């Protein structure tokens, strides 16, 4: 009976792709791609040091080899994240052990961008993880191969939290909860941790959340549940759903297939859909999360003949309500970025308001100093109906 059962993906025509990109060749498990309503950012092969490419969404077709890039890093770029409160601002983590924050010029680059707004220098090792705070302006989390998590005030350039003796082994990912009061981590010691970064304490963990000696991912759902991907002892890709108030036993665990890539979860809290795709997969599998067991329900698979090297995900503000678009993927091939549009088939030409509840907007709910000092706020919601045409 699920309203999302006919959700389907459709790749755009080649003339709506971004072509002749030289995607990074590093063996780091990066997503290589970050998208916002103005720009697509792609981690590329740099002559020296490190670079990423920033394209206006309209700049489709073959990209000139000399198109300007963001190239101020002195080591390969490993992760990129657009500022949720500023569509001209992006953070990068590098093998040069820095996080850099960049101001993109209006309409994108004319000249190569070599000087960041700020360099953050707390890590002693490569920085593979950057995550902007969901609600607090200028709060930015990095995690490095030093196994330190640092939470920055980007406005002052100061490390205000250093979690440096919490993780004995490599950190695979860090995710903020809805109001950014908590983070969750997955680590190569096979633990998933829920952390209060301001209290600097672990509030819940699960040992061996997955048994495989392969990477995991852990993210928060809108209701405070933690959703994980990983591998069985037998190389099966798995997903699980955990109540952090009681992590002994999973609410749900599902075995999927025996491919090699870790499943990156993309969670849409507005539809309760989770999309899963791994490096090397030609498929995007999507599930609905509901309060009816077994709680994680299979919807469908987007199928293709081409494996992904990385994947970006368009925030709600960039979607087309008239088309009932509920997600847009930016699928990285070897030399190309290919938008994939997820739509709900609907007969009616009316505004499908059930698909588009008010969504987390770009206005920061509180300042860095307020949040660091212990204040909390929810995302400030906006309506998407201004985009509707009769």
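Residue numbers count along the first chain shown, from 1.
Look at the C-alpha B-factors of 172-180 and of 242-250. On average they run higher in 242-250. If you average the C-alpha B-factors over 196-204 and over 100-108, the higher value belongs to 196-204.
When the C-alpha B factors of 156, 142, 88, 229 are read from the deposited coordinates, the top value falls at 156. By the numbers in the PDB entry, the CA B factor is greatest at 162 among 135, 92, 162, 282. When the CA B factors of the chain's modelled residues are split into thirds, the value for residue 376 lands in the highest one.
The entry lists a Cα temperature factor for residue 54 that places it in the lowest third of the chain's modelled residues.
In the deposited entry, the Cα temperature factor of residue 68 places it in the middle third of its chain's modelled residues. Residue 7 sits in the lowest third of its chain by CA B factor, as recorded in the PDB entry.
In the PDB entry, a CA B factor belonging to the middle third of its chain's modelled residues is recorded for residue 211.
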